[PDB]
K.L.:
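Please see the structure below; I have some questions.
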Amino acid sequence: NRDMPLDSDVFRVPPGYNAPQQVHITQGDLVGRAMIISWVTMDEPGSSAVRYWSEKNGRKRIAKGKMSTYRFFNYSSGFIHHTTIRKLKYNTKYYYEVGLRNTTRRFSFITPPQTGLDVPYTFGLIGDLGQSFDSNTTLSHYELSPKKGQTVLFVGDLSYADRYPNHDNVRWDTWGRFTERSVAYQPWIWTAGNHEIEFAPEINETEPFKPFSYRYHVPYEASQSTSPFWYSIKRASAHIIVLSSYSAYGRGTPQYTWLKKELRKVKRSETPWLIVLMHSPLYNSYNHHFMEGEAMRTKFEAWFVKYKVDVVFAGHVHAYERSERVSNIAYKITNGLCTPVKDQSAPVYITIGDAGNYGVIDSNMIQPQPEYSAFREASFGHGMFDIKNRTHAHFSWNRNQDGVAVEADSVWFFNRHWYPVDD
Amino acid sequence: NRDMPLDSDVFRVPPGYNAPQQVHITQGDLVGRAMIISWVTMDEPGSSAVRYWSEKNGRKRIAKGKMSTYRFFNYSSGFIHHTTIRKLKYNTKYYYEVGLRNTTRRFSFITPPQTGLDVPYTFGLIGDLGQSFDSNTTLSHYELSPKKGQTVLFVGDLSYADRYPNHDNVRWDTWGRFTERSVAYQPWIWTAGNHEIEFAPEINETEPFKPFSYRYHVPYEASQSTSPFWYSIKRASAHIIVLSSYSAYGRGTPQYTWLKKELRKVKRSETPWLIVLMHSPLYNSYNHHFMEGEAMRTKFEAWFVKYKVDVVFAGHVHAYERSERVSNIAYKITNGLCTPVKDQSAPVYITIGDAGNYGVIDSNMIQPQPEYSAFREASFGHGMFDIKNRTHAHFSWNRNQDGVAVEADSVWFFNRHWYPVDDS
Ligand SMILES: *[C@@H]1O[C@H](CO)[C@@H](O[C@@H]2O[C@H](CO)[C@@H](O)[C@H](O)[C@H]2NC(C)=O)[C@H](O[C@@H]2O[C@@H](C)[C@@H](O)[C@@H](O)[C@@H]2O)[C@H]1NC(C)=O
Ligand SMILES: *[C@@H]1O[C@H](CO)[C@@H](O[C@@H]2O[C@H](CO)[C@@H](O)[C@H](O)[C@H]2NC(C)=O)[C@H](O[C@@H]2O[C@@H](C)[C@@H](O)[C@@H](O)[C@@H]2O)[C@H]1NC(C)=O
Ligand SMILES: *[C@@H]1O[C@H](CO)[C@@H](O[C@@H]2O[C@H](CO)[C@@H](O)[C@H](O)[C@H]2NC(C)=O)[C@H](O[C@@H]2O[C@@H](C)[C@@H](O)[C@@H](O)[C@@H]2O)[C@H]1NC(C)=O
Ligand SMILES: *[C@@H]1O[C@H](CO)[C@@H](O[C@@H]2O[C@H](CO)[C@@H](O)[C@H](O)[C@H]2NC(C)=O)[C@H](O[C@@H]2O[C@@H](C)[C@@H](O)[C@@H](O)[C@@H]2O)[C@H]1NC(C)=O
Ligand SMILES: *[C@@H]1O[C@H](CO)[C@@H](O)[C@H](O[C@@H]2O[C@@H](C)[C@@H](O)[C@@H](O)[C@@H]2O)[C@H]1NC(C)=O
Ligand SMILES: Cc1ccc(-c2nc(C(=O)O)cs2)cc1
Ligand SMILES: *[C@@H]1O[C@H](CO)[C@@H](O)[C@H](O)[C@H]1NC(C)=O
Ligand SMILES: *[C@@H]1O[C@H](CO)[C@@H](O)[C@H](O)[C@H]1NC(C)=O
Ligand SMILES: *[C@@H]1O[C@H](CO)[C@@H](O)[C@H](O)[C@H]1NC(C)=O
Ligand SMILES: [Fe+3]
Ligand SMILES: [Fe+3]
Ligand SMILES: [Zn+2]
Ligand SMILES: [Zn+2]
């Protein structure tokens with residue numbers, strides 16, 4: 001129902017014996033000189049080797065990775081490959097090949113420039129993609145964007161395989177072949193959503209995030225995190241912090257402890273743009289999932305303001321919303337201070353979980369529009385966070401019903417460290 | 001430093017080659033017909049077999065368990081045994097013996113009566129015990145109490161070994177040896193507190209709850225939980241729900257999912273008393289750890305009110321507090337309703353984390369006392385929750401500076417399901 005049929009063109013299997021499929025890449029290190037290359041072979045294990053080279057140096061090298069598999073209920077996965085290429089040059093085009101033993105497929109990516117204060121960079125924002133027809137339109141809109149996204153920040157809810165009978169994991173495979181046309185060529189930065197949890201005791205699957213964690217690796221050790229579900233990376237002029245809404249974040253827990261130290265590490269004269277990703281929005285004025293973000297908000301909101309986070313992106317709610325710069329950190333149980341106030345040190349909260357999911361939009365909103373909410377609309381679409389320099393970043397929202405160059409909402413971000421004026 | 005020295009009498013090693021030590025028991029099933037028997041052997045692995053018998057029939061039986069070990073930094077544990085005895089008769093004294101291969105030690109426990117509407121039962125309440133001199137006094141007060149506790153509900157922070165260099169796990173062994181004089185003869189129900197987390201990446205110990213989880217087992221499968229850190233048991237007329245303050249409880253997480261379903265399973269017609277244990281208090285008017293409980297509260301408070309939880313016990317704060325029946329569940333971000341109100345459908349929240357810790361009391365209080373707080377005092381002590389029948393339970397708090405029979409605070413609970421009268 002609204003999910004694309006198994007025989008859709010986007011799900012076609014790359015031909016050839018043991019042809020690599022579901023190819024995807026993401027940042028492999030802390031600063032952008034590494035890339036994790038990932039893929040599945042279905043006919044037999046095959047090699048985890050990856051051949052790569054720049055189009056200038058031309059010198060072909062080999063990286064060696066690891067193979068793994070998993071079962072989920074009555075599903076058995078193919079052979080999953082993860083391999084890290086390291087010590088790449090900044091701002092250069094590389095070609096890479098996988099499937100060296102049997103049927104090779106070749107791709108390419110462009111390393112970002114070295115991190116720096118005034119380095120421009122364009123990030124795409126996609127949330128709650130799924131694999132419905134709406135999902136395919138959003139991806140087409142992103143790739144056809146005139147702005148040209150160089151990396152996608154993904155706020156969680158990838159395949160929605162768990163909506164299927166016994167979570168039919170084939171629908172991970174299909175989502176993988178589906179998204180390849182983008183993530184094979186540019187990194188997507190993964191955030192874990194509730195559809196990735198796949199906690200299902202009724203069929204004896206009780207390991208949280210299993211399918212997701214096997215298929216999508218992240219460079220978590222690089223930020224001294226002890227878990228794939230929270231970690232940070234730097235790219236161009238942005239310091240990106242990925243949190244787990246569905247992991248522990250109580251005082252003294254690994255994620256809470258890791259976040260607190262990580263914030264101390266941020267250097268705004270190197271990475272001016274402080275960006276946080278999480279699945280569940282801390283600010284949300286839709287009926288659906290209203291106030292789910294309250295728990296995390298009590299732990300982390302004050303930290304976000306103290307460190308002057310520029311922007312917090314979330315999905316989970318199937319619609320679009322952009323908050324005012326507000327905070328709600330003055331409450332003391334009995335002092336009655338529980339209303340959000342204008343606060344120029346606070347980030348803007350953006351809900352961008354409207355990429356298509358299984359074809360349903362969340363349109364019931366709390367009335368009236370709260371003062372903390374600047375703009376909200378129930379349409380499928382995606383975002384673009386375009387960094388011009390240390391003071392200015394341009395955010396735009398593009399709807400699926402619009403032309404690919406139309407921005408139904410846009411706003412200039414004025415950097416909280418370098419240029420904290422009213423935006 | 002107020003920790004009891006290594007050579008204290010409470011820490012003495014039971015004599016004999018490979019004599020079992022740190023012997024402790026806890027309920028091993030959902031309804032009280034099983035008991036998990038736990039102990040450590042130091043000289044060699046030994047047998048994990050437990051010999052046991054009832055007084056009534058006096059037939060000797062053997063149950064087989066499992067041995068385990070762990071390492072934490074440069075510490076290697078001894079040999080830890082967990083063995084579950086099953087199909088026990090209700091309301092009956094049992095004897096059990098461990099160390100069958102070399103040095104045998106014998107103990108006993110009394111199974112609770114079958115769950116029922118009006119089955120009376122007396123629960124001890126103990127939190128943040130530690131191994132200081134104060135800790136020893138609280139344990140003495142508990143065992144000497146004329147109310148005679150039959151099971152301890154333990155709200156977390158056990159040994160505080162993690163305050164020691166590299167968490168010196170020898171301090172878990174001493175704690176085990178010291179608490180034996182109680183826990184070997186009656187079950188303590190374990191809650192995980194922040195001192196059990198032991199997250200220490202700096203010395204490559206990145207697995208939360210490790211020492212704790214190896215040393216203290218719970219019957220978590222019996223309530224269909226997938227983790228030792230949240231679970232349920234039924235005992236006499238009580239349904240006890242144990243939660244993990246330092247595990248995930250976001251919507252869709254194992255814990256959140258488990259609690260939600262478990263509340264629906266509660267049968268107040270079988271167990272009238274609905275009790276929740278957690279480490280970090282959802283209501284707390286002390287400076288220390290003020291508002292740390294807020295996150296779990298936003299997630300679970302409305303559920304507690306909806307399911308008419310009688311009482312929620314917590315520790316963490318090193319003192320005593322008893323709230324009024326109150327809720328703070330009407331907040332909607334912009335409607336200004338963030339003040340706790342009297343709510344007779346709500347549970348009473350009790351902080352009882354004052355058993356001694358490492359000798360420090362939390363004395364600093366927000367002033368004046370909030371309307372949500374009925375009673376508080378920064379003194380060392382323990383609680384007793386004494387169930388009389390389906391409608392009446394008597395709670396009382398005893399101070400370490402008073403006589404063992406003196407109640408500094410005490411209140412009648414009227415059951416939220418069977419007798420919903422203003423018990424203020
Ligand atoms: C950072 O990037 C900004 C966005 O492109 C720059 O502002 C743009 O500057 C153009 C000429 O500099 C001007 O025609 C555009 O209208 C303007 N765009 C906006 C949204 O203002 C900005 O250049 C600076 O800041 C503005 C406010 C002016 O003072 C310019 O004269 C400045 O150069 C860039 N700032 C830096 C530090 O490079
Ligand atoms: C585990 O490591 C500890 C050091 O990281 C050991 O304790 C230290 O031993 C030093 C001499 O080796 C001594 O000067 C230090 O004061 C002491 N450090 C601390 C913080 O305690 C420890 O060793 C044992 O206990 C100490 C106190 C001495 O009695 C040693 O002889 C013991 O080996 C180590 N424990 C183990 C099991 O290795
Ligand atoms: C621990 O208990 C074991 C029996 O459960 C002892 O092994 C037994 O010792 C008996 C001497 O009384 C001997 O006849 C048995 O053959 C033996 N059973 C075995 C080996 O399975 C054990 O004894 C010590 O170890 C044995 C091997 C001999 O060296 C004895 O002389 C030792 O005392 C007991 N361990 C100790 C240290 O008491
Ligand atoms: C449930 O337990 C309650 C506390 O033990 C019982 O109340 C007590 O009843 C005594 C006579 O049985 C009386 O002298 C005590 O003062 C009283 N205790 C308290 C704290 O009220 C209760 O008994 C019922 O209710 C009380 C108020 C009287 O009406 C008695 O006649 C009743 O027995 C117990 N409920 C039942 C059904 O036994
Ligand atoms: C995949 O590549 C490997 C290594 O180059 C080849 O050995 C495989 O060849 C196939 O299997 C070998 C043993 C031989 O029998 C050959 O005739 C087969 O074609 C190759 N796999 C396939 C199926 O092409
Ligand atoms: C800032 C601060 C200081 C002490 C503490 C402690 N808590 C405990 C506890 O018993 O939970 C022991 S020390 C926590 C936070
Ligand atoms: C998805 O969109 C692509 C690109 O716009 C198009 O080529 C393809 O036919 C579409 N497939 C489906 C099933 O919608
Ligand atoms: C798994 O189970 C379902 C029925 O529950 C069945 O229809 C499906 O074909 C099975 N798949 C495999 C791989 O056995
Ligand atoms: C602890 O308490 C017991 C019983 O009161 C007493 O016999 C023992 O000596 C005490 N030990 C210490 C070290 O306080
Ligand atoms: Fe979603
Ligand atoms: Fe404590
Ligand atoms: Zn979601
Ligand atoms: Zn504590």
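To find a chain, count down the sequence lines: A is the first, B the second, and so on, and within it residues start at 1. Just follow the structure's listing: the first ligand is 1, and inside any ligand the first atom is 1. Excluded from the calculations below are hydrogen atoms, water molecules and symmetry mates; all remaining heavy atoms, backbone and side chain alike, are included.
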K.L.:
Both conditions, 6.0 Å and 45 degrees, for the charged tip of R399(A) above the ring of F380(A): are they met here?
P.N.:
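Because its charged atom misses either the 6.0 Å distance or the 45° angle limit, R399(A) does not stack over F380(A).
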K.L.:
Give a table of atom pairs where an N or O of ligand 9 lies under 3.5 Å from a protein N or O.
P.N.:
from     : atom 1 : to      : atom 2 : distance (Å)
ligand 9 : 2 (O)  : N136(B) : OD1    : 3.3
ligand 9 : 2 (O)  : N136(B) : ND2    : 2.3
ligand 9 : 5 (O)  : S140(B) : OG     : 3.0
ligand 9 : 9 (O)  : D9(B)   : OD2    : 2.8
ligand 9 : 11 (N) : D9(B)   : OD1    : 3.0
ligand 9 : 11 (N) : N136(B) : ND2    : 3.1
ligand 9 : 14 (O) : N136(B) : ND2    : 3.0

K.L.:
Just checking: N194(A), one of its N/O/S atoms, less than 2.8 Å away from the Fe ion (ligand 10), yes or no?
P.N.:
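No, outside the cut-off.
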K.L.:
Please step through ring-ring contact (aromatic ring centres under 6.0 Å, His included) for the pair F209(A) and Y246(A), ending with a clear verdict.
P.N.:
CA-CA 10 Å; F209(A) 308 114; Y246(A) 309 110; 7.5 Å; no
K.L.:
Output the atom name for the N/O/S atom of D157(A) with the smallest distance to the Fe ion (ligand 10).
P.N.:
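In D157(A), the heteroatom (N, O or S) nearest the Fe ion (ligand 10) is OD2.
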K.L.:
When you measure from the centre of the six-membered ring of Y358(A), is the NZ or CZ of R163(A) closer than 6.0 Å and no more than 45° off the axis?
P.N.:
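So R163(A) does make the cation-pi contact.
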K.L.:
Restricting to non-hydrogen atoms, name the atom on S132(B) and the atom on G356(B) that form the minimum distance, rounded to 0.1 Å.
P.N.:
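In this case the closest contact between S132(B) and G356(B) is OG-O, 3.4 Å.
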K.L.:
Look at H318(A) and state whether any of its N, O or S atoms is less than 2.8 Å from the Fe ion (ligand 10).
P.N.:
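True for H318(A).
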K.L.:
Take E321(A) and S373(A) through the side-chain hydrogen bond (donor to acceptor under 3.5 Å, both in side chains) test and state the conclusion after the steps.
P.N.:
CA-CA 7 Å; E321(A) 184 171 15; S373(A) 176; 2.7 Å; yes
K.L.:
To the nearest 10 degrees, could you say what angle the Fe ion (ligand 10) makes with OH of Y160(A) and OD2 of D128(A)?
P.N.:
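Result: 100°, to 10°.
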K.L.:
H279(A) and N194(A): side-chain hydrogen bond (donor to acceptor under 3.5 Å, both in side chains), yes or no, with the steps?
P.N.:
CA-CA 8 Å; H279(A) 186 61; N194(A) 63 302; 3.1 Å; yes
K.L.:
Between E205(A) and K210(A), is there a side-chain N and carboxylate O pair less than 4.0 Å apart?
P.N.:
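Looking at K210(A) together with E205(A), the answer is yes, because their closest N to O distance falls below 4.0 Å.
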K.L.:
Which distance, rounded to the nearest 0.5 Å, do you find between the CG of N18(A) and the OG1 of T41(A)?
P.N.:
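Here the interatomic distance stands at 4.5 Å.
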K.L.:
Going by the atom numbers of ligand 8, which of them fall below 4.0 Å from some non-hydrogen atom of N166(A)?
P.N.:
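What qualifies from ligand 8 is 5 (O).
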